[PDB]
Amino acid sequence: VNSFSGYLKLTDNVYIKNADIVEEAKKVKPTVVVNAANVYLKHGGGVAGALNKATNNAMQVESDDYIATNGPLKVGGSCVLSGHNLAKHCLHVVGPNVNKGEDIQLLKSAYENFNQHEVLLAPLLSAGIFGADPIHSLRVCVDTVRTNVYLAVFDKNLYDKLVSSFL
Ligand SMILES: O=C(Nc1ccc(C(=O)N[C@H]2c3cccc(O)c3C[C@@H]2C(=O)O)cc1)NC1CC1
């Protein structure tokens, strides 16, 4: 049993809710919240910008030190950093950004990072300002992630479309 509330069950292991991932993280304090990161961990907008704002920029400060030491992530890769006031840990995962021409096949590799964590709160990777089709992202999620994932979809119209079109 876990504290995630109001989710629709899509499969054995994937759950979905119309919710602001920031507000959901603040309320559940999950072990892992996933950030929709870029390779530079520059949390300017979209989900990343929102999560970072909720940490009063502490996520960005920590991220800048990480990059200065380790260099950029790979598209499809991830790193575990602090969850600050939102979660125990933040898994920063880089999905391909279609508005940069990145290969959409890398989306499966990005979701594979979730399998290193038993339970996660997450957005749909490569959705929103990353330019991919969220219906496709949900399909890849379901077909790749085997651990227990609680997906937060900010837009109600999109949430309803994702549920109603789910096979
Ligand atoms: O701003 C906020 N929350 C806030 C929450 C989510 C987003 C956002 O863009 N999410 C989408 C995104 C962005 C980038 C890549 C992606 O794959 C996705 C899928 C995500 C989705 O479809 O849900 C933006 C803002 N809270 C403050 C207190 C009011």
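In each ligand, atom 1 is the first atom listed, and ligand 1 is the first ligand listed. Position 1 is the first residue of the sequence; numbering continues from there.
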- Heteroatom proximity flag, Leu124 to ligand 1, N/O under 3.5 Å: yes
Side chains of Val140 and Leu125: does their closest heavy-atom pair fall under 4.5 Å?
-> no
of all protein heavy atoms, closest to atom 8 (C) of ligand 1 is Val47 CG2, 3.3 Å
Examine ligand 1 and decide if any of its atoms is less than 4.0 Å from a heavy atom belonging to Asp155.
no
Which of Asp65, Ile67, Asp64 passes side-chain contact (heavy atoms from CB on, under 4.5 Å) with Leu41? Answer is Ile67
Atom 26 (N) of ligand 1 sits nearest the protein heavy atom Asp20 OD2, 2.9 Å
**Under 3.5 Å: N/O of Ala36 near N/O of ligand 1** = no
So the atoms of ligand 1 within less than 4.0 Å of a heavy atom of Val153 turn out to be 23 (O)
Within 4.0 Å of some non-hydrogen atom of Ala152, the atoms of ligand 1 are 23 (O)
among protein heavy atoms, the one nearest atom 23 (O) of ligand 1 is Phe154 N, 2.9 Å
Among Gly128, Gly46, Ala50, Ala110, the residue with a heavy atom nearest to atom 9 (O) of ligand 1 is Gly46
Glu23 N/O under 3.5 Å from ligand 1 N/O: no
Strictly distance-based, threshold 3.5 Å: is any side-chain N or O of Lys9 a donor or acceptor partner for the main-chain N or O of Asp12?
yes
Any chance NZ of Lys74 has more than 12 other-residue heavy atoms, nucleotides or ligands included, within less than 6.0 Å?
-> no
Closest to atom 22 (O) of ligand 1 among protein heavy atoms sits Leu158 CD2, 4.0 Å
Worksheet item: With distance as the sole test, does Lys17 use its side chain to make a donor-acceptor pair with the main-chain N or O of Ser5 at under 3.5 Å?
Response: yes
Please determine whether any non-hydrogen atom of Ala54 lies less than 4.0 Å from an atom of ligand 1. no
Do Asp103 and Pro96 make a side-chain contact, defined as non-hydrogen atoms from C-beta onward lying under 4.5 Å apart?
no
Of all protein heavy atoms, the one nearest atom 14 (C) of ligand 1 is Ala127 O, 3.4 Å
Proximity flag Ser126 to ligand 1, non-hydrogen atoms under 4.0 Å: yes
Numbered in order shown, the ligand 1 atoms found under 4.0 Å of a heavy atom of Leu125 are 17 (O)
Would you check if the side chain of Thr144 reaches a backbone N or O of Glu112 as a donor-acceptor pair within less than 3.5 Å? no
At under 4.0 Å between heavy atoms, what of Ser137 touches ligand 1? The answer is neither
